file upload.cif (mmCIF, C-alpha atoms and all ligand atoms)
data_data
#
loop_
_atom_site.label_atom_id
_atom_site.label_comp_id
_atom_site.auth_asym_id
_atom_site.auth_seq_id
_atom_site.Cartn_x
_atom_site.Cartn_y
_atom_site.Cartn_z
CA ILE M 1 -2.76 -102.85 -75.06
CA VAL M 2 0.77 -101.84 -76.16
CA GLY M 3 2.28 -103.56 -79.21
CA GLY M 4 -0.89 -105.37 -80.20
CA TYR M 5 -3.12 -105.25 -83.30
CA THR M 6 -6.70 -104.33 -84.20
CA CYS M 7 -8.87 -107.39 -83.29
CA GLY M 8 -11.51 -106.69 -85.95
CA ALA M 9 -15.20 -105.94 -85.15
CA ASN M 10 -16.73 -108.40 -82.72
CA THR M 11 -13.95 -111.02 -83.05
CA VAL M 12 -13.69 -111.10 -79.27
CA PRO M 13 -17.44 -111.46 -78.59
CA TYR M 14 -17.08 -111.96 -74.79
CA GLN M 15 -15.10 -108.71 -74.35
CA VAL M 16 -17.15 -106.04 -72.55
CA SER M 17 -16.48 -102.39 -71.72
CA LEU M 18 -17.35 -101.03 -68.29
CA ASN M 19 -18.62 -97.45 -68.62
CA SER M 20 -19.37 -94.63 -66.09
CA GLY M 21 -19.74 -91.91 -68.76
CA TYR M 22 -16.39 -93.06 -70.15
CA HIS M 23 -14.66 -96.37 -70.67
CA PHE M 24 -12.71 -97.32 -67.51
CA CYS M 25 -12.22 -101.10 -67.43
CA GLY M 26 -12.78 -104.36 -69.37
CA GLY M 27 -14.65 -107.48 -68.33
CA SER M 28 -15.57 -110.94 -69.70
CA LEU M 29 -19.08 -112.24 -70.27
CA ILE M 30 -19.38 -115.71 -68.70
CA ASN M 31 -23.15 -116.29 -69.20
CA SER M 32 -26.08 -114.13 -70.30
CA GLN M 33 -26.35 -112.46 -66.86
CA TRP M 34 -22.77 -112.26 -65.43
CA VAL M 35 -19.44 -110.57 -66.22
CA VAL M 36 -15.98 -111.26 -64.67
CA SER M 37 -13.75 -108.25 -64.15
CA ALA M 38 -11.15 -107.01 -61.67
CA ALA M 39 -11.90 -106.08 -58.08
CA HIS M 40 -9.90 -102.92 -58.55
CA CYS M 41 -12.53 -101.93 -61.21
CA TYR M 42 -15.34 -101.70 -58.63
CA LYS M 43 -17.41 -98.49 -58.49
CA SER M 44 -21.08 -97.72 -58.32
CA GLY M 45 -22.93 -96.66 -61.44
CA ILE M 46 -21.43 -99.34 -63.70
CA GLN M 47 -22.93 -99.71 -67.21
CA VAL M 48 -21.90 -102.84 -69.09
CA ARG M 49 -21.41 -102.41 -72.86
CA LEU M 50 -21.46 -105.66 -74.82
CA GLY M 51 -21.01 -106.10 -78.64
CA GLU M 52 -18.57 -103.17 -78.80
CA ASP M 53 -15.93 -102.43 -81.36
CA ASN M 54 -15.51 -98.67 -81.73
CA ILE M 55 -16.43 -97.55 -78.25
CA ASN M 56 -16.96 -93.94 -79.44
CA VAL M 57 -19.47 -94.67 -82.24
CA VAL M 58 -22.86 -96.47 -82.22
CA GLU M 59 -22.27 -99.07 -84.99
CA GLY M 60 -25.05 -101.60 -84.37
CA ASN M 61 -24.74 -104.78 -82.23
CA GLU M 62 -24.15 -102.79 -78.98
CA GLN M 63 -26.16 -103.76 -75.92
CA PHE M 64 -25.86 -101.53 -72.84
CA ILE M 65 -27.09 -102.99 -69.56
CA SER M 66 -26.64 -101.55 -66.05
CA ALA M 67 -24.88 -103.68 -63.43
CA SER M 68 -27.49 -104.64 -60.82
CA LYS M 69 -24.85 -106.30 -58.55
CA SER M 70 -21.08 -105.65 -58.24
CA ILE M 71 -19.40 -108.28 -56.09
CA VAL M 72 -15.72 -107.80 -55.18
CA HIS M 73 -13.95 -110.84 -53.76
CA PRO M 74 -14.28 -110.67 -49.92
CA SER M 75 -10.47 -111.16 -49.58
CA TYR M 76 -9.50 -108.68 -52.20
CA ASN M 77 -6.48 -106.83 -50.89
CA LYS M 78 -5.93 -103.49 -52.58
CA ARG M 79 -2.23 -102.77 -51.69
CA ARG M 80 -1.15 -106.34 -52.63
CA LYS M 81 -3.70 -106.76 -55.47
CA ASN M 82 -4.38 -110.23 -54.20
CA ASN M 83 -7.74 -111.77 -55.21
CA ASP M 84 -8.32 -109.07 -57.82
CA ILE M 85 -11.63 -110.45 -59.13
CA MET M 86 -15.16 -109.03 -59.32
CA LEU M 87 -18.46 -110.51 -60.52
CA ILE M 88 -20.98 -108.22 -62.14
CA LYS M 89 -24.59 -109.29 -62.51
CA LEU M 90 -26.49 -107.52 -65.27
CA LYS M 91 -29.92 -105.93 -64.61
CA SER M 92 -31.33 -108.02 -67.48
CA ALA M 93 -29.92 -110.95 -69.48
CA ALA M 94 -27.93 -110.05 -72.59
CA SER M 95 -29.07 -111.30 -75.97
CA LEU M 96 -26.46 -113.85 -76.97
CA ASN M 97 -25.50 -113.91 -80.68
CA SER M 98 -22.38 -114.32 -82.84
CA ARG M 99 -21.21 -110.87 -81.65
CA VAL M 100 -22.14 -111.21 -77.94
CA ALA M 101 -21.08 -114.58 -76.58
CA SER M 102 -19.91 -116.02 -73.31
CA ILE M 103 -16.40 -117.40 -72.72
CA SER M 104 -15.85 -120.71 -70.92
CA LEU M 105 -14.30 -120.81 -67.44
CA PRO M 106 -11.29 -123.12 -67.09
CA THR M 107 -11.57 -126.74 -65.85
CA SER M 108 -7.86 -126.72 -65.05
CA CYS M 109 -5.09 -124.10 -64.73
CA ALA M 110 -2.92 -123.30 -67.76
CA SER M 111 0.80 -123.94 -68.03
CA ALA M 112 3.87 -121.83 -68.59
CA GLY M 113 4.45 -121.25 -72.35
CA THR M 114 0.74 -121.44 -73.16
CA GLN M 115 -0.12 -118.77 -75.75
CA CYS M 116 -3.15 -116.56 -74.82
CA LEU M 117 -5.23 -113.71 -76.23
CA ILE M 118 -5.40 -110.50 -74.14
CA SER M 119 -7.71 -107.69 -75.34
CA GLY M 120 -8.85 -104.19 -74.40
CA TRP M 121 -9.44 -100.49 -75.12
CA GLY M 122 -6.62 -99.55 -72.72
CA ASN M 123 -3.67 -97.24 -73.35
CA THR M 124 -1.57 -98.19 -76.46
CA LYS M 125 1.64 -96.35 -75.42
CA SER M 126 4.18 -97.46 -72.80
CA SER M 127 5.31 -93.83 -72.46
CA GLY M 128 2.52 -91.25 -72.34
CA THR M 129 -1.10 -92.11 -73.21
CA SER M 130 -3.14 -92.86 -76.34
CA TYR M 131 -6.59 -94.48 -76.20
CA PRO M 132 -8.00 -96.47 -79.14
CA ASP M 133 -11.52 -96.27 -80.61
CA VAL M 134 -11.60 -99.96 -81.51
CA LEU M 135 -10.70 -103.14 -79.56
CA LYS M 136 -7.06 -104.13 -79.49
CA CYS M 137 -5.61 -107.60 -79.12
CA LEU M 138 -2.29 -109.18 -78.10
CA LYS M 139 -1.02 -112.76 -78.18
CA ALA M 140 1.21 -113.42 -75.19
CA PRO M 141 2.54 -116.52 -73.45
CA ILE M 142 2.16 -117.36 -69.76
CA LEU M 143 5.55 -117.11 -68.03
CA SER M 144 7.06 -119.58 -65.50
CA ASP M 145 6.55 -119.10 -61.76
CA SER M 146 10.24 -118.53 -61.28
CA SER M 147 10.44 -115.83 -63.97
CA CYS M 148 7.29 -114.08 -62.69
CA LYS M 149 8.67 -114.00 -59.11
CA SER M 150 12.15 -112.82 -60.28
CA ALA M 151 10.41 -110.07 -62.14
CA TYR M 152 8.36 -109.04 -59.09
CA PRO M 153 10.18 -110.05 -55.92
CA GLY M 154 7.80 -109.84 -52.94
CA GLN M 155 4.68 -109.29 -55.01
CA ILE M 156 3.49 -112.56 -56.62
CA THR M 157 0.91 -114.71 -54.88
CA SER M 158 -0.57 -118.02 -56.02
CA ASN M 159 -3.66 -116.18 -57.43
CA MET M 160 -1.44 -114.35 -59.93
CA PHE M 161 0.53 -115.24 -63.06
CA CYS M 162 2.76 -113.27 -65.38
CA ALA M 163 2.09 -113.26 -69.12
CA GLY M 164 3.77 -111.40 -71.93
CA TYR M 165 7.27 -110.33 -72.97
CA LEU M 166 10.42 -109.53 -70.89
CA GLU M 167 12.10 -107.62 -73.79
CA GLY M 168 9.37 -104.90 -73.44
CA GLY M 169 7.09 -103.45 -76.11
CA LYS M 170 4.05 -105.79 -75.77
CA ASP M 171 1.71 -105.60 -72.79
CA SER M 172 -1.71 -104.76 -71.49
CA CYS M 173 -1.98 -101.33 -69.87
CA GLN M 174 -4.16 -98.81 -67.99
CA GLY M 175 -7.77 -99.15 -69.23
CA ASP M 176 -7.30 -102.92 -70.06
CA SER M 177 -7.87 -103.82 -66.39
CA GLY M 178 -10.59 -106.37 -65.66
CA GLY M 179 -10.32 -107.61 -69.23
CA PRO M 180 -9.75 -111.14 -70.54
CA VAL M 181 -6.73 -113.43 -70.83
CA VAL M 182 -8.12 -116.38 -72.84
CA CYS M 183 -6.00 -119.51 -73.54
CA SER M 184 -7.30 -122.41 -75.68
CA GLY M 185 -10.85 -121.03 -75.41
CA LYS M 186 -10.83 -120.70 -71.61
CA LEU M 187 -10.80 -117.57 -69.42
CA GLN M 188 -7.54 -118.10 -67.46
CA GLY M 189 -6.56 -114.47 -66.63
CA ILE M 190 -7.99 -111.05 -65.73
CA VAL M 191 -5.84 -107.99 -66.52
CA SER M 192 -4.71 -106.96 -62.99
CA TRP M 193 -1.42 -105.05 -62.63
CA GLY M 194 2.16 -104.41 -63.74
CA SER M 195 4.95 -101.90 -63.29
CA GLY M 196 4.27 -99.31 -66.02
CA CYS M 197 3.32 -100.96 -69.36
CA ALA M 198 5.47 -102.89 -71.83
CA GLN M 199 8.64 -102.13 -69.81
CA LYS M 200 11.70 -104.47 -70.06
CA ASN M 201 11.77 -107.16 -67.40
CA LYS M 202 8.32 -106.09 -66.15
CA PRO M 203 5.55 -108.30 -67.65
CA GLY M 204 1.81 -107.98 -66.98
CA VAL M 205 0.39 -109.72 -63.96
CA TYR M 206 -2.98 -111.39 -64.14
CA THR M 207 -5.59 -112.78 -61.79
CA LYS M 208 -5.44 -116.57 -61.81
CA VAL M 209 -8.99 -117.43 -62.79
CA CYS M 210 -8.65 -121.24 -62.36
CA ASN M 211 -8.46 -120.73 -58.54
CA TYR M 212 -11.77 -118.90 -58.53
CA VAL M 213 -14.09 -121.23 -60.49
CA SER M 214 -15.91 -122.77 -57.50
CA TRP M 215 -16.20 -119.31 -55.92
CA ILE M 216 -17.60 -118.02 -59.19
CA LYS M 217 -20.10 -120.93 -59.37
CA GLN M 218 -21.11 -120.52 -55.68
CA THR M 219 -21.53 -116.73 -55.88
CA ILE M 220 -23.81 -116.93 -58.93
CA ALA M 221 -25.80 -119.84 -57.42
CA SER M 222 -26.53 -117.91 -54.28
CA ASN M 223 -27.35 -114.56 -56.07
CA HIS M 224 -30.55 -115.82 -57.78
CA CA I 301 -19.85 -98.75 -80.47
#
call {"tool": "encode", "arguments": {"input": "upload.cif", "output": "structure tokens"}}
result
Amino acid sequence: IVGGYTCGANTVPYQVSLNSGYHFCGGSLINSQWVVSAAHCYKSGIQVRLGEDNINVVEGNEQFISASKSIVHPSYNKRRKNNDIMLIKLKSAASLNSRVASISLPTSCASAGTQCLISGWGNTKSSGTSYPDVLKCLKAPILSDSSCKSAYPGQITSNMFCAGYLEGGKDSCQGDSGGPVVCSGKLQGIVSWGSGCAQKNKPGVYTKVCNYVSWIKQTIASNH
């Protein structure tokens, strides 16, 4: 996250870190056994780390649980980043508490101008790299269809929305991928892609979670 602020320990209790001996992507806990992240985050050997603040120090409240299933959308297209969504099933159920909590899936799509909370341990610099110990946060509005598509001619599908700031300076970034965009208490976005980070006229682009709710429900139901 570029241009954000320190969330404070466990204030985003559905934020998880995906770890393969290092932090590489975010995710969102949607029930005690399942995480939503980005398809582009797929790899084998995924460990899910819940209850994190400082990802470099054991502080208490951490729960680490291996992914037992990693399910990339069957239509995920890598070059176009279309359908950038992945479900992770945890080997065992997480213990849910004030510091490890699920986030609700939307019941409808959000609108342009809606203010959301985007969070992550991703790069904090739009020029060069700096990685934070503790979870960072950014409030950002959802942009109009027209603005999103002007920003990224060719590239915007209906499973994508832009959120953030055209003047530059405030964005998600590398390492935030798969992480949450939460608006009015609902998971509406998944950090997906953008051209650099926090660049003028180039806002972040996010997986449109409202289109995937039935797919999410169906995939879980059939992976019992
Ligand atoms: Ca920790």
call {"tool": "axis_aligned_box", "arguments": {"input": "upload.cif", "around": "segment 194-210 of chain M", "padding_each_side": "8 Å", "output": "lines of an AutoDock Vina configuration file"}}
result
center_x = 1.4
center_y = -110.3
center_z = -66.8
size_x = 36.8
size_y = 37.9
size_z = 26.0
call {"tool": "residues_around", "arguments": {"input": "upload.cif", "residues": "residue 220 of chain M", "least_positions_apart": "2", "cutoff": "12 Å", "atoms": "all atoms listed in the file", "output": "list in words"}}
result
residues 30, 31, 32, 33, 34, 35, 36, 69, 70, 71, 86, 87, 88, 89, 90, 213, 214, 215, 216, 217, 218, 222, 223 and 224 of chain M
call {"tool": "closest_residue", "arguments": {"input": "upload.cif", "among": "M:186, M:170, M:139, M:202", "to": "residue 7 of chain M", "atoms": "only C-alpha atoms"}}
result
M:139
call {"tool": "closest_atom_pairs", "arguments": {"input": "upload.cif", "of": "chain M", "to": "ligand CA 301 (chain I)", "cutoff": "7 Å", "atoms": "all atoms listed in the file", "output": "JSON lines"}}
result
{"residue": "M:52", "atom": "CA", "partner": "I:CA301", "partner_atom": "CA", "distance": 4.9}
{"residue": "M:53", "atom": "CA", "partner": "I:CA301", "partner_atom": "CA", "distance": 5.4}
{"residue": "M:54", "atom": "CA", "partner": "I:CA301", "partner_atom": "CA", "distance": 4.5}
{"residue": "M:55", "atom": "CA", "partner": "I:CA301", "partner_atom": "CA", "distance": 4.3}
{"residue": "M:56", "atom": "CA", "partner": "I:CA301", "partner_atom": "CA", "distance": 5.7}
{"residue": "M:57", "atom": "CA", "partner": "I:CA301", "partner_atom": "CA", "distance": 4.5}
{"residue": "M:58", "atom": "CA", "partner": "I:CA301", "partner_atom": "CA", "distance": 4.2}
{"residue": "M:59", "atom": "CA", "partner": "I:CA301", "partner_atom": "CA", "distance": 5.1}
{"residue": "M:62", "atom": "CA", "partner": "I:CA301", "partner_atom": "CA", "distance": 6.1}
call {"tool": "atom_distance", "arguments": {"input": "upload.cif", "atom1": "atom CA of residue 25 of chain M", "atom2": "atom CA of residue 151 of chain M"}}
result
24.9 Å
call {"tool": "closest_residue", "arguments": {"input": "upload.cif", "among": "M:188, M:77, M:28, M:201", "to": "residue 171 of chain M", "atoms": "all atoms listed in the file"}}
result
M:201
call {"tool": "atom_distance", "arguments": {"input": "upload.cif", "atom1": "atom CA of residue 196 of chain M", "atom2": "atom CA of residue 1 of chain M"}}
result
12.0 Å
call {"tool": "atom_distance", "arguments": {"input": "upload.cif", "atom1": "atom CA of residue 211 of chain M", "atom2": "atom CA of residue 122 of chain M"}}
result
25.6 Å
call {"tool": "residues_around", "arguments": {"input": "upload.cif", "residues": "residue 79 of chain M", "least_positions_apart": "3", "cutoff": "12 Å", "atoms": "only C-alpha atoms", "output": "ChimeraX atom specification"}}
result
/M:40,75-76,82-84,155,193
call {"tool": "residues_around", "arguments": {"input": "upload.cif", "residues": "segment 37-39 of chain M", "least_positions_apart": "2", "cutoff": "6 Å", "atoms": "all atoms listed in the file", "output": "list in words"}}
result
residues 27, 41, 42, 72, 84, 85, 86 and 178 of chain M
call {"tool": "closest_residue", "arguments": {"input": "upload.cif", "among": "M:61, M:22, M:133, M:206", "to": "residue 95 of chain M", "atoms": "all atoms listed in the file"}}
result
M:61
call {"tool": "closest_residue", "arguments": {"input": "upload.cif", "among": "M:128, M:113, M:8, M:26", "to": "residue 197 of chain M", "atoms": "all atoms listed in the file"}}
result
M:128
call {"tool": "closest_residue", "arguments": {"input": "upload.cif", "among": "M:78, M:125, M:91, M:149", "to": "residue 65 of chain M", "atoms": "all atoms listed in the file"}}
result
M:91
call {"tool": "closest_residue", "arguments": {"input": "upload.cif", "among": "M:221, M:50, M:148, M:205", "to": "residue 98 of chain M", "atoms": "all atoms listed in the file"}}
result
M:50
call {"tool": "residues_around", "arguments": {"input": "upload.cif", "residues": "residue 131 of chain M", "least_positions_apart": "4", "cutoff": "7 Å", "atoms": "all atoms listed in the file", "output": "ChimeraX atom specification"}}
result
/M:121-124
call {"tool": "residues_around", "arguments": {"input": "upload.cif", "residues": "residue 195 of chain M", "least_positions_apart": "5", "cutoff": "9 Å", "atoms": "all atoms listed in the file", "output": "NGL selection string"}}
result
:M and (152 or 202-204)
